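Whatever order the structure lists ligands and atoms in, that order sets their numbers, starting from 1. In what follows, residues are counted from 1 in the order of the sequence shown.
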Amino acid sequence: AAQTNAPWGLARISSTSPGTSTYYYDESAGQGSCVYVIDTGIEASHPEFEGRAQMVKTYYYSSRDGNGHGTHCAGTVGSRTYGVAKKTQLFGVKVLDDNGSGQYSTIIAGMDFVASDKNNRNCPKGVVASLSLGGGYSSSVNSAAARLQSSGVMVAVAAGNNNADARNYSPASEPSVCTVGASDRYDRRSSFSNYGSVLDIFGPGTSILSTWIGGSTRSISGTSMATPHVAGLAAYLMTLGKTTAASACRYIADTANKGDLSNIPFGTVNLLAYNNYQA
Ligand SMILES: [Ca+2]
């Protein structure tokens with residue numbers, strides 16, 4: 001399938017080179033997979049989600065996304081225009097309040113929720129979790145991310161936006177999950193992207209157009225935006241049968257565009273998520 005004039009990030013993910021605007025993907029499109037977006041929530045009623053999004057959990061007085069951040073991330077995972085996996089099921093878990101903040105304790109509970117909750121969902125092709133959040137190193141946060149992953153969920157997390165080594169951030173520093181740095185449309189490491197040995201992959205993160213609350217759209221930037229590209233890619237690849245929750249991060253690293261990014265610090269992977277789709 002070919003989507004013309006796609007957001008640059010979608011195009012980049014199906015391309016061997018920067019500077020193209022069409023997104024290419026197998027039409028299975030992540031059908032029969034599920035992605036949990038653990039964030040400020042999802043505006044499920046947005047036309048771009050077509051009935052495939054649902055709020056499953058909140059730790060606050062409402063499950064609505066009163067911020068827009070979670071809705072943007074979800075749109076990058078699986079909205080029809082702005083999404084990588086255009087046919088996936090999207091499940092929202094609101095661990096972040098409408099200011100985009102959340103106590104580590106609520107975030108942990110949300111991770112443990114998904115690990116159980118996937119048993120109440122229909123996801124024959126596999127389960128993915130997108131965590132576009134983080135804070136200072138916490139062994140308890142990392143451990144919760146490691147449980148989610150061990151339970152059979154492909155866990156993708158933001159490296160963080162401090163232009164710093166991500167070893168000092170959680171869940172970014174957890175070895176067993178997929179830690180995602182941010183790149184721009186000229187294949188530069190995004191100026192704010194964290195780096196370091198704990199990174200597994202880069203995805204598009206600068207000037208990323210996606211869904212917003214109030215049924216609209218906007219372009220915003222962060223390893224928050226890169227993460228759902230990789231989460232959506234894993235879902236897509238899982239439905240294609242190419243990989244599984246336990247091996248998807250490795251598989252993505254293995255099949256990535258390699259050596260193409262600029263301003264990658266010595267010791268950080270130079271790998272850009274790529275779907276290797278042959279139209
Ligand atoms: Ca990692």
Salt-bridge test for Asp117 and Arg121: reply yes if a basic N is under 4.0 Å from a carboxylate O, no otherwise.
yes
Fellow cluster residues of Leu209, listed by chain then number, with links counted only when side-chain atoms sit under 4.5 Å apart:
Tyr82
Kindly work out whether a path of hydrophobic side-chain contacts (I/L/V/M/F/W/Y, heavy atoms less than 4.5 Å apart) joins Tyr236 to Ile13.
yes
Is the positively charged end of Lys118 above the ring of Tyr36, judged by distance under 6.0 angstrom from the centroid and angle within 45° of the axis?
no
Identify whether NZ of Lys or CZ of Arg in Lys242 sits under 6.0 Å from the centre of the six-membered ring of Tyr251 and within 45° of that ring's axis.
no
Any idea how many protein N, O or S atoms are nearer than 3.0 Å to the Ca ion (ligand 1)?
4
Close side-chain approach of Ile107 and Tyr59, heavy atoms under 4.5 Å
no
